[PDB]
>>> print(open('start.tsv').read())   # TSV, N, CA and C atoms
chain	number	residue	atom	x	y	z
T	577	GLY	N	0.84	-1.21	0.00
T	577	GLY	CA	0.00	0.00	0.00
T	577	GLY	C	0.87	1.25	0.00
T	578	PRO	N	0.27	2.45	-0.07
T	578	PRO	CA	0.99	3.73	-0.14
T	578	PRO	C	1.68	4.13	1.18
T	579	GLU	N	1.56	3.33	2.25
T	579	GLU	CA	2.20	3.56	3.55
T	579	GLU	C	3.72	3.80	3.45
T	580	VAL	N	4.36	3.24	2.42
T	580	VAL	CA	5.78	3.49	2.09
T	580	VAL	C	6.06	4.98	1.85
T	581	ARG	N	5.14	5.74	1.21
T	581	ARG	CA	5.27	7.20	1.05
T	581	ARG	C	5.40	7.87	2.41
T	582	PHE	N	4.40	7.65	3.27
T	582	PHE	CA	4.34	8.20	4.62
T	582	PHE	C	5.60	7.86	5.41
T	583	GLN	N	6.01	6.58	5.42
T	583	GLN	CA	7.21	6.10	6.12
T	583	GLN	C	8.49	6.83	5.69
T	584	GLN	N	8.75	6.92	4.39
T	584	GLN	CA	9.94	7.60	3.85
T	584	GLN	C	9.88	9.12	4.09
T	585	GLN	N	8.69	9.72	4.06
T	585	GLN	CA	8.50	11.12	4.44
T	585	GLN	C	8.79	11.38	5.93
T	586	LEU	N	8.58	10.41	6.85
T	586	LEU	CA	9.01	10.55	8.26
T	586	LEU	C	10.53	10.70	8.41
T	587	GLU	N	11.30	10.19	7.45
T	587	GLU	CA	12.76	10.23	7.39
T	587	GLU	C	13.28	11.50	6.71
T	588	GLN	N	12.60	12.00	5.67
T	588	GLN	CA	12.83	13.35	5.13
T	588	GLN	C	12.68	14.41	6.25
T	589	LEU	N	11.66	14.25	7.10
T	589	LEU	CA	11.48	15.04	8.33
T	589	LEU	C	12.55	14.75	9.40
T	590	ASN	N	13.02	13.51	9.54
T	590	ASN	CA	14.09	13.16	10.48
T	590	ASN	C	15.38	13.94	10.19
T	591	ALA	N	15.75	14.07	8.91
T	591	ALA	CA	16.93	14.81	8.47
T	591	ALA	C	16.91	16.29	8.92
T	592	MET	N	15.74	16.94	8.92
T	592	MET	CA	15.57	18.33	9.37
T	592	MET	C	15.67	18.50	10.91
T	593	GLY	N	15.64	17.40	11.67
T	593	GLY	CA	15.66	17.39	13.14
T	593	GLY	C	14.30	17.10	13.80
T	594	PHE	N	13.26	16.71	13.05
T	594	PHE	CA	12.00	16.22	13.62
T	594	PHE	C	12.15	14.75	14.05
T	595	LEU	N	12.86	14.54	15.17
T	595	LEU	CA	13.29	13.23	15.69
T	595	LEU	C	12.16	12.44	16.38
T	596	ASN	N	10.95	12.36	15.82
T	596	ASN	CA	9.85	11.56	16.35
T	596	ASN	C	8.94	11.04	15.23
T	597	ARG	N	8.74	9.72	15.14
T	597	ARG	CA	7.96	9.10	14.05
T	597	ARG	C	6.46	9.33	14.19
T	598	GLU	N	5.93	9.34	15.42
T	598	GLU	CA	4.49	9.41	15.71
T	598	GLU	C	3.90	10.80	15.44
T	599	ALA	N	4.58	11.87	15.87
T	599	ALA	CA	4.20	13.24	15.55
T	599	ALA	C	4.26	13.49	14.03
T	600	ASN	N	5.32	13.01	13.36
T	600	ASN	CA	5.45	13.08	11.91
T	600	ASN	C	4.33	12.31	11.19
T	601	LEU	N	3.95	11.12	11.67
T	601	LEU	CA	2.81	10.35	11.15
T	601	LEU	C	1.51	11.14	11.27
T	602	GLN	N	1.17	11.66	12.45
T	602	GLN	CA	-0.05	12.44	12.65
T	602	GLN	C	-0.07	13.72	11.80
T	603	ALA	N	1.07	14.39	11.64
T	603	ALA	CA	1.19	15.57	10.79
T	603	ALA	C	0.91	15.28	9.30
T	604	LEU	N	1.33	14.12	8.77
T	604	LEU	CA	1.00	13.68	7.40
T	604	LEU	C	-0.42	13.11	7.28
T	605	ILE	N	-0.91	12.36	8.27
T	605	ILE	CA	-2.27	11.79	8.26
T	605	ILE	C	-3.32	12.92	8.30
T	606	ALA	N	-3.02	14.04	8.97
T	606	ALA	CA	-3.84	15.25	8.96
T	606	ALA	C	-4.04	15.90	7.57
T	607	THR	N	-3.20	15.56	6.59
T	607	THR	CA	-3.24	16.09	5.22
T	607	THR	C	-3.60	15.02	4.18
T	608	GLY	N	-3.21	13.76	4.40
T	608	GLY	CA	-3.25	12.68	3.41
T	608	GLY	C	-1.88	12.37	2.78
T	609	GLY	N	-0.79	12.88	3.36
T	609	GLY	CA	0.59	12.69	2.87
T	609	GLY	C	1.15	13.87	2.07
T	610	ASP	N	0.47	15.02	2.07
T	610	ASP	CA	1.08	16.29	1.68
T	610	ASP	C	2.05	16.76	2.77
T	611	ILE	N	3.35	16.79	2.45
T	611	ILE	CA	4.39	17.04	3.44
T	611	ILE	C	4.54	18.53	3.81
T	612	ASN	N	4.24	19.49	2.92
T	612	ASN	CA	4.43	20.91	3.26
T	612	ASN	C	3.37	21.41	4.26
T	613	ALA	N	2.12	20.93	4.16
T	613	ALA	CA	1.10	21.11	5.19
T	613	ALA	C	1.34	20.27	6.46
T	614	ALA	N	2.20	19.25	6.41
T	614	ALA	CA	2.67	18.53	7.60
T	614	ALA	C	3.79	19.28	8.34
T	615	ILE	N	4.78	19.84	7.61
T	615	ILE	CA	5.93	20.55	8.20
T	615	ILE	C	5.47	21.73	9.07
T	616	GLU	N	4.50	22.53	8.61
T	616	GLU	CA	4.02	23.68	9.40
T	616	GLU	C	3.40	23.27	10.76
T	617	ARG	N	2.82	22.07	10.86
T	617	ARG	CA	2.29	21.52	12.12
T	617	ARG	C	3.43	21.21	13.10
T	618	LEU	N	4.51	20.62	12.61
T	618	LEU	CA	5.71	20.31	13.39
T	618	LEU	C	6.48	21.58	13.82
T	619	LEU	N	6.33	22.69	13.09
T	619	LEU	CA	6.76	24.04	13.50
T	619	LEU	C	5.89	24.66	14.62
T	620	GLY	N	4.72	24.09	14.92
T	620	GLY	CA	3.77	24.54	15.95
T	620	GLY	C	2.37	24.92	15.44
T	621	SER	N	2.16	24.94	14.11
T	621	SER	CA	0.97	25.43	13.37
T	621	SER	C	0.66	26.93	13.47
Z	1	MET	N	33.51	32.18	3.47
Z	1	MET	CA	33.28	30.78	3.89
Z	1	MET	C	32.08	30.20	3.14
Z	2	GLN	N	31.77	28.91	3.30
Z	2	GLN	CA	30.83	28.21	2.42
Z	2	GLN	C	30.11	27.07	3.15
Z	3	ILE	N	28.78	26.98	2.99
Z	3	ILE	CA	27.90	26.05	3.73
Z	3	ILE	C	27.00	25.23	2.80
Z	4	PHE	N	26.56	24.06	3.25
Z	4	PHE	CA	25.68	23.13	2.54
Z	4	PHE	C	24.20	23.39	2.87
Z	5	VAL	N	23.55	24.28	2.13
Z	5	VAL	CA	22.12	24.55	2.29
Z	5	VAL	C	21.31	23.35	1.78
Z	6	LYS	N	20.57	22.69	2.68
Z	6	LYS	CA	19.68	21.56	2.38
Z	6	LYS	C	18.25	22.05	2.18
Z	7	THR	N	17.87	22.33	0.93
Z	7	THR	CA	16.54	22.84	0.58
Z	7	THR	C	15.52	21.70	0.58
Z	8	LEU	N	14.76	21.57	1.68
Z	8	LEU	CA	13.94	20.40	2.06
Z	8	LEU	C	14.71	19.06	2.13
Z	9	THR	N	16.05	19.08	2.12
Z	9	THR	CA	16.91	17.90	1.86
Z	9	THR	C	16.67	17.30	0.46
Z	10	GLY	N	17.54	16.38	0.01
Z	10	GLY	CA	17.57	15.88	-1.36
Z	10	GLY	C	18.40	16.79	-2.26
Z	11	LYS	N	17.93	18.02	-2.47
Z	11	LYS	CA	18.73	19.12	-3.03
Z	11	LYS	C	19.61	19.72	-1.92
Z	12	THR	N	20.90	19.40	-1.98
Z	12	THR	CA	21.97	20.02	-1.17
Z	12	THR	C	22.78	20.93	-2.09
Z	13	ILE	N	22.93	22.21	-1.77
Z	13	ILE	CA	23.72	23.16	-2.58
Z	13	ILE	C	24.74	23.89	-1.72
Z	14	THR	N	25.93	24.18	-2.27
Z	14	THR	CA	26.86	25.08	-1.58
Z	14	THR	C	26.39	26.53	-1.73
Z	15	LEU	N	26.52	27.32	-0.67
Z	15	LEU	CA	26.30	28.77	-0.67
Z	15	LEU	C	27.53	29.47	-0.08
Z	16	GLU	N	28.11	30.40	-0.84
Z	16	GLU	CA	29.22	31.25	-0.41
Z	16	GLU	C	28.70	32.44	0.42
Z	17	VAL	N	29.34	32.70	1.56
Z	17	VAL	CA	28.88	33.63	2.61
Z	17	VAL	C	30.07	34.23	3.37
Z	18	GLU	N	29.90	35.43	3.92
Z	18	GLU	CA	30.80	35.97	4.96
Z	18	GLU	C	30.15	35.82	6.35
Z	19	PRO	N	30.92	35.53	7.42
Z	19	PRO	CA	30.37	35.32	8.76
Z	19	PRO	C	29.65	36.57	9.31
Z	20	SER	N	30.14	37.76	8.98
Z	20	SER	CA	29.58	39.05	9.42
Z	20	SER	C	28.34	39.50	8.62
Z	21	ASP	N	28.02	38.85	7.50
Z	21	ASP	CA	26.85	39.20	6.68
Z	21	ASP	C	25.53	38.84	7.39
Z	22	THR	N	24.46	39.60	7.12
Z	22	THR	CA	23.19	39.43	7.85
Z	22	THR	C	22.39	38.23	7.34
Z	23	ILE	N	21.67	37.58	8.25
Z	23	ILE	CA	20.71	36.52	7.90
Z	23	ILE	C	19.54	37.09	7.06
Z	24	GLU	N	19.25	38.39	7.18
Z	24	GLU	CA	18.39	39.13	6.25
Z	24	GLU	C	18.94	39.09	4.81
Z	25	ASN	N	20.24	39.36	4.62
Z	25	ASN	CA	20.87	39.26	3.30
Z	25	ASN	C	20.95	37.81	2.80
Z	26	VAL	N	21.11	36.81	3.68
Z	26	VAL	CA	21.02	35.39	3.30
Z	26	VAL	C	19.62	35.02	2.78
Z	27	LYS	N	18.55	35.46	3.47
Z	27	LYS	CA	17.16	35.32	2.98
Z	27	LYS	C	16.97	35.99	1.62
Z	28	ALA	N	17.53	37.19	1.42
Z	28	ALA	CA	17.49	37.91	0.15
Z	28	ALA	C	18.25	37.18	-0.98
Z	29	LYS	N	19.44	36.64	-0.70
Z	29	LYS	CA	20.21	35.82	-1.67
Z	29	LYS	C	19.43	34.58	-2.11
Z	30	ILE	N	18.78	33.88	-1.18
Z	30	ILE	CA	17.87	32.76	-1.49
Z	30	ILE	C	16.70	33.25	-2.35
Z	31	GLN	N	16.02	34.31	-1.91
Z	31	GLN	CA	14.85	34.89	-2.55
Z	31	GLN	C	15.10	35.29	-4.00
Z	32	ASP	N	16.18	36.02	-4.26
Z	32	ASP	CA	16.50	36.53	-5.59
Z	32	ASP	C	17.16	35.50	-6.50
Z	33	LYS	N	17.91	34.52	-5.97
Z	33	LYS	CA	18.50	33.46	-6.81
Z	33	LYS	C	17.51	32.36	-7.17
Z	34	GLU	N	16.65	31.95	-6.24
Z	34	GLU	CA	15.67	30.86	-6.42
Z	34	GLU	C	14.22	31.34	-6.63
Z	35	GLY	N	13.98	32.66	-6.64
Z	35	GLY	CA	12.69	33.26	-6.99
Z	35	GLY	C	11.56	32.98	-5.99
Z	36	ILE	N	11.82	33.11	-4.68
Z	36	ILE	CA	10.88	32.71	-3.61
Z	36	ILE	C	10.84	33.71	-2.43
Z	37	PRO	N	9.68	34.31	-2.09
Z	37	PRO	CA	9.60	35.34	-1.05
Z	37	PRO	C	9.97	34.82	0.35
Z	38	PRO	N	10.67	35.62	1.18
Z	38	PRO	CA	11.20	35.18	2.47
Z	38	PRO	C	10.13	34.75	3.48
Z	39	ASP	N	8.89	35.24	3.39
Z	39	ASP	CA	7.77	34.78	4.22
Z	39	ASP	C	7.49	33.26	4.08
Z	40	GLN	N	7.70	32.70	2.88
Z	40	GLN	CA	7.54	31.26	2.64
Z	40	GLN	C	8.68	30.43	3.23
Z	41	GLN	N	9.87	31.02	3.39
Z	41	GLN	CA	11.09	30.38	3.89
Z	41	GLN	C	11.07	30.23	5.43
Z	42	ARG	N	11.72	29.18	5.96
Z	42	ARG	CA	12.19	29.08	7.35
Z	42	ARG	C	13.54	28.37	7.39
Z	43	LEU	N	14.49	28.90	8.15
Z	43	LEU	CA	15.83	28.32	8.33
Z	43	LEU	C	15.87	27.46	9.61
Z	44	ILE	N	16.14	26.17	9.45
Z	44	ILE	CA	16.14	25.17	10.53
Z	44	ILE	C	17.58	24.66	10.75
Z	45	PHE	N	18.18	25.06	11.86
Z	45	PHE	CA	19.45	24.56	12.36
Z	45	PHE	C	19.17	23.42	13.36
Z	46	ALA	N	19.20	22.17	12.90
Z	46	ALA	CA	18.95	20.97	13.72
Z	46	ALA	C	17.69	21.09	14.61
Z	47	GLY	N	16.54	21.39	14.00
Z	47	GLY	CA	15.27	21.64	14.69
Z	47	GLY	C	15.11	23.03	15.33
Z	48	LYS	N	16.18	23.77	15.64
Z	48	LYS	CA	16.11	25.17	16.11
Z	48	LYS	C	15.83	26.12	14.93
Z	49	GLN	N	15.02	27.15	15.16
Z	49	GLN	CA	14.81	28.25	14.20
Z	49	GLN	C	15.97	29.26	14.27
Z	50	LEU	N	16.52	29.66	13.12
Z	50	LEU	CA	17.38	30.85	13.04
Z	50	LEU	C	16.52	32.11	12.87
Z	51	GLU	N	16.43	32.91	13.93
Z	51	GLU	CA	15.62	34.13	14.01
Z	51	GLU	C	16.11	35.03	15.16
Z	52	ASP	N	16.00	36.35	15.00
Z	52	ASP	CA	16.48	37.41	15.91
Z	52	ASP	C	18.01	37.46	16.15
Z	53	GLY	N	18.70	36.31	16.13
Z	53	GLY	CA	20.14	36.23	15.91
Z	53	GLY	C	20.50	36.66	14.49
Z	54	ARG	N	21.62	37.39	14.36
Z	54	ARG	CA	21.78	38.40	13.29
Z	54	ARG	C	22.61	37.98	12.09
Z	55	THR	N	23.66	37.19	12.32
Z	55	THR	CA	24.71	36.86	11.35
Z	55	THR	C	25.17	35.42	11.57
Z	56	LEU	N	25.96	34.87	10.64
Z	56	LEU	CA	26.54	33.54	10.83
Z	56	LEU	C	27.60	33.55	11.96
Z	57	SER	N	28.27	34.69	12.17
Z	57	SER	CA	29.21	34.94	13.28
Z	57	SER	C	28.51	34.98	14.64
Z	58	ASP	N	27.27	35.48	14.71
Z	58	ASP	CA	26.45	35.51	15.93
Z	58	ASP	C	26.13	34.10	16.43
Z	59	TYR	N	25.69	33.22	15.53
Z	59	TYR	CA	25.45	31.80	15.83
Z	59	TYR	C	26.73	30.93	15.85
Z	60	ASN	N	27.88	31.44	15.39
Z	60	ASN	CA	29.08	30.65	15.08
Z	60	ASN	C	28.78	29.44	14.16
Z	61	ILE	N	28.02	29.71	13.09
Z	61	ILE	CA	27.94	28.89	11.87
Z	61	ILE	C	29.25	29.09	11.10
Z	62	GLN	N	29.85	28.04	10.53
Z	62	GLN	CA	31.18	28.15	9.91
Z	62	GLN	C	31.27	27.64	8.46
Z	63	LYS	N	31.72	26.40	8.24
Z	63	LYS	CA	32.13	25.88	6.93
Z	63	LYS	C	31.75	24.42	6.77
Z	64	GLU	N	31.32	24.06	5.56
Z	64	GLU	CA	30.86	22.70	5.21
Z	64	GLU	C	29.77	22.22	6.18
Z	65	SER	N	28.80	23.11	6.44
Z	65	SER	CA	27.79	23.00	7.51
Z	65	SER	C	26.37	22.99	6.96
Z	66	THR	N	25.49	22.18	7.55
Z	66	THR	CA	24.35	21.56	6.85
Z	66	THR	C	22.98	22.18	7.17
Z	67	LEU	N	22.90	23.51	7.14
Z	67	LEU	CA	21.67	24.27	7.43
Z	67	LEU	C	20.49	23.87	6.52
Z	68	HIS	N	19.35	23.48	7.12
Z	68	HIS	CA	18.13	23.15	6.38
Z	68	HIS	C	17.30	24.39	6.05
Z	69	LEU	N	16.74	24.41	4.85
Z	69	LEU	CA	15.83	25.45	4.36
Z	69	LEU	C	14.46	24.81	4.09
Z	70	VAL	N	13.48	25.11	4.93
Z	70	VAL	CA	12.06	24.78	4.69
Z	70	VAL	C	11.43	25.88	3.84
Z	71	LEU	N	10.66	25.50	2.81
Z	71	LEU	CA	9.91	26.44	1.97
Z	71	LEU	C	8.45	25.97	1.80
Z	72	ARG	N	7.52	26.94	1.76
Z	72	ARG	CA	6.07	26.71	1.82
Z	72	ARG	C	5.35	27.26	0.59
Z	73	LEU	N	4.90	26.37	-0.29
Z	73	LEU	CA	3.97	26.73	-1.37
Z	73	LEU	C	2.59	27.06	-0.79
Z	74	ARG	N	1.89	28.05	-1.36
Z	74	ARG	CA	0.53	28.44	-0.95
Z	74	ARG	C	-0.52	27.48	-1.53
Z	75	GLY	N	-0.43	26.20	-1.17
Z	75	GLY	CA	-1.20	25.11	-1.78
Z	75	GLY	C	-0.67	24.70	-3.16
Z	76	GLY	N	-1.53	24.09	-3.98
Z	76	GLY	CA	-1.22	23.64	-5.34
Z	76	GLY	C	-2.30	22.75	-5.93
>>> encode(input="start.tsv", output="C-alpha coordinates")
Amino acid sequence: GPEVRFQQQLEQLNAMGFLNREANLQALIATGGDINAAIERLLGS
Amino acid sequence: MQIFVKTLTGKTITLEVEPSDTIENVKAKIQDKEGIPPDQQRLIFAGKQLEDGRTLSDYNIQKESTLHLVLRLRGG
(Lines of atoms letter the chains of each structure in order from A and count residues from 1; the text may use other names and numbers.)
(Lines give C-alpha, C1' and ligand atoms only; values in the text may rest on other atoms or scores of the structure.)
Protein backbone atom coordinates (compact mmCIF):
# COMPACT_ATOMS: atom_id res chain seq x y z
CA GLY A 1 0.00 0.00 0.00
CA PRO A 2 0.99 3.73 -0.14
CA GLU A 3 2.20 3.56 3.55
CA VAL A 4 5.78 3.49 2.09
CA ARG A 5 5.27 7.20 1.05
CA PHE A 6 4.34 8.20 4.62
CA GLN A 7 7.21 6.10 6.12
CA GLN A 8 9.94 7.60 3.85
CA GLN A 9 8.50 11.12 4.44
CA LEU A 10 9.01 10.55 8.26
CA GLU A 11 12.76 10.23 7.39
CA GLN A 12 12.83 13.35 5.13
CA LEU A 13 11.48 15.04 8.33
CA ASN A 14 14.09 13.16 10.48
CA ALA A 15 16.93 14.81 8.47
CA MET A 16 15.57 18.33 9.37
CA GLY A 17 15.66 17.39 13.14
CA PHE A 18 12.00 16.22 13.62
CA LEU A 19 13.29 13.23 15.69
CA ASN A 20 9.85 11.56 16.35
CA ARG A 21 7.96 9.10 14.05
CA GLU A 22 4.49 9.41 15.71
CA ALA A 23 4.20 13.24 15.55
CA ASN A 24 5.45 13.08 11.91
CA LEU A 25 2.81 10.35 11.15
CA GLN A 26 -0.05 12.44 12.65
CA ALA A 27 1.19 15.57 10.79
CA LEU A 28 1.00 13.68 7.40
CA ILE A 29 -2.27 11.79 8.26
CA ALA A 30 -3.84 15.25 8.96
CA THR A 31 -3.24 16.09 5.22
CA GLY A 32 -3.25 12.68 3.41
CA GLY A 33 0.59 12.69 2.87
CA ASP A 34 1.08 16.29 1.68
CA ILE A 35 4.39 17.04 3.44
CA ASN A 36 4.43 20.91 3.26
CA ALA A 37 1.10 21.11 5.19
CA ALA A 38 2.67 18.53 7.60
CA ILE A 39 5.93 20.55 8.20
CA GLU A 40 4.02 23.68 9.40
CA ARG A 41 2.29 21.52 12.12
CA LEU A 42 5.71 20.31 13.39
CA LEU A 43 6.76 24.04 13.50
CA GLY A 44 3.77 24.54 15.95
CA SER A 45 0.97 25.43 13.37
CA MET B 1 33.28 30.78 3.89
CA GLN B 2 30.83 28.21 2.42
CA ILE B 3 27.90 26.05 3.73
CA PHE B 4 25.68 23.13 2.54
CA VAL B 5 22.12 24.55 2.29
CA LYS B 6 19.68 21.56 2.38
CA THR B 7 16.54 22.84 0.58
CA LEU B 8 13.94 20.40 2.06
CA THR B 9 16.91 17.90 1.86
CA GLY B 10 17.57 15.88 -1.36
CA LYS B 11 18.73 19.12 -3.03
CA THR B 12 21.97 20.02 -1.17
CA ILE B 13 23.72 23.16 -2.58
CA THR B 14 26.86 25.08 -1.58
CA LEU B 15 26.30 28.77 -0.67
CA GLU B 16 29.22 31.25 -0.41
CA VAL B 17 28.88 33.63 2.61
CA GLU B 18 30.80 35.97 4.96
CA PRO B 19 30.37 35.32 8.76
CA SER B 20 29.58 39.05 9.42
CA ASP B 21 26.85 39.20 6.68
CA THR B 22 23.19 39.43 7.85
CA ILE B 23 20.71 36.52 7.90
CA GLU B 24 18.39 39.13 6.25
CA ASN B 25 20.87 39.26 3.30
CA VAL B 26 21.02 35.39 3.30
CA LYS B 27 17.16 35.32 2.98
CA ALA B 28 17.49 37.91 0.15
CA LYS B 29 20.21 35.82 -1.67
CA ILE B 30 17.87 32.76 -1.49
CA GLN B 31 14.85 34.89 -2.55
CA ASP B 32 16.50 36.53 -5.59
CA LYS B 33 18.50 33.46 -6.81
CA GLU B 34 15.67 30.86 -6.42
CA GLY B 35 12.69 33.26 -6.99
CA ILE B 36 10.88 32.71 -3.61
CA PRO B 37 9.60 35.34 -1.05
CA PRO B 38 11.20 35.18 2.47
CA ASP B 39 7.77 34.78 4.22
CA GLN B 40 7.54 31.26 2.64
CA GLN B 41 11.09 30.38 3.89
CA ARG B 42 12.19 29.08 7.35
CA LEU B 43 15.83 28.32 8.33
CA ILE B 44 16.14 25.17 10.53
CA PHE B 45 19.45 24.56 12.36
CA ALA B 46 18.95 20.97 13.72
CA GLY B 47 15.27 21.64 14.69
CA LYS B 48 16.11 25.17 16.11
CA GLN B 49 14.81 28.25 14.20
CA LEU B 50 17.38 30.85 13.04
CA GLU B 51 15.62 34.13 14.01
CA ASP B 52 16.48 37.41 15.91
CA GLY B 53 20.14 36.23 15.91
CA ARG B 54 21.78 38.40 13.29
CA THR B 55 24.71 36.86 11.35
CA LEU B 56 26.54 33.54 10.83
CA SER B 57 29.21 34.94 13.28
CA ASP B 58 26.45 35.51 15.93
CA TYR B 59 25.45 31.80 15.83
CA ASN B 60 29.08 30.65 15.08
CA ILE B 61 27.94 28.89 11.87
CA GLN B 62 31.18 28.15 9.91
CA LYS B 63 32.13 25.88 6.93
CA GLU B 64 30.86 22.70 5.21
CA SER B 65 27.79 23.00 7.51
CA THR B 66 24.35 21.56 6.85
CA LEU B 67 21.67 24.27 7.43
CA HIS B 68 18.13 23.15 6.38
CA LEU B 69 15.83 25.45 4.36
CA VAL B 70 12.06 24.78 4.69
CA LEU B 71 9.91 26.44 1.97
CA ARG B 72 6.07 26.71 1.82
CA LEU B 73 3.97 26.73 -1.37
CA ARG B 74 0.53 28.44 -0.95
CA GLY B 75 -1.20 25.11 -1.78
CA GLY B 76 -1.22 23.64 -5.34
>>> atom_distance(input="start.tsv", atom1="CA of residue 580 (chain T)", atom2="CA of residue 593 (chain T)")
20.3 Å
>>> residues_around(input="start.tsv", residues="residue 605 (chain T)", least_positions_apart="6", cutoff="8 Å", atoms="all atoms listed in the file", output="number ranges by chain")
T: 582, 599, 614
>>> interface_residues(input="start.tsv", of="chain T", to="chain Z", cutoff="6.5 Å", atoms="all atoms listed in the file", output="PyMOL selection string")
chain T and resi 592-594+612
>>> residues_around(input="start.tsv", residues="residue 55 (chain Z)", least_positions_apart="6", cutoff="6.5 Å", atoms="only N, CA and C atoms", output="VMD selection string")
chain Z and resid 19 to 23
>>> closest_residue(input="start.tsv", among="T:618, T:585, T:579, T:591", to="residue 603 (chain T)", atoms="only N, CA and C atoms")
T:618
>>> residues_near_point(input="start.tsv", point="(27.3, 31.6, -0.4)", cutoff="6.5 Å", atoms="all atoms listed in the file", output="list in words")
residues 1, 2, 3, 14, 15, 16, 17 and 18 of chain Z
>>> closest_residue(input="start.tsv", among="T:596, T:608, T:617, T:602", to="residue 581 (chain T)", atoms="only C-alpha atoms")
T:608
>>> atom_distance(input="start.tsv", atom1="atom C of residue 30 (chain Z)", atom2="CA of residue 584 (chain T)")
27.2 Å
>>> atom_distance(input="start.tsv", atom1="CA of residue 36 (chain Z)", atom2="atom C of residue 54 (chain Z)")
20.3 Å
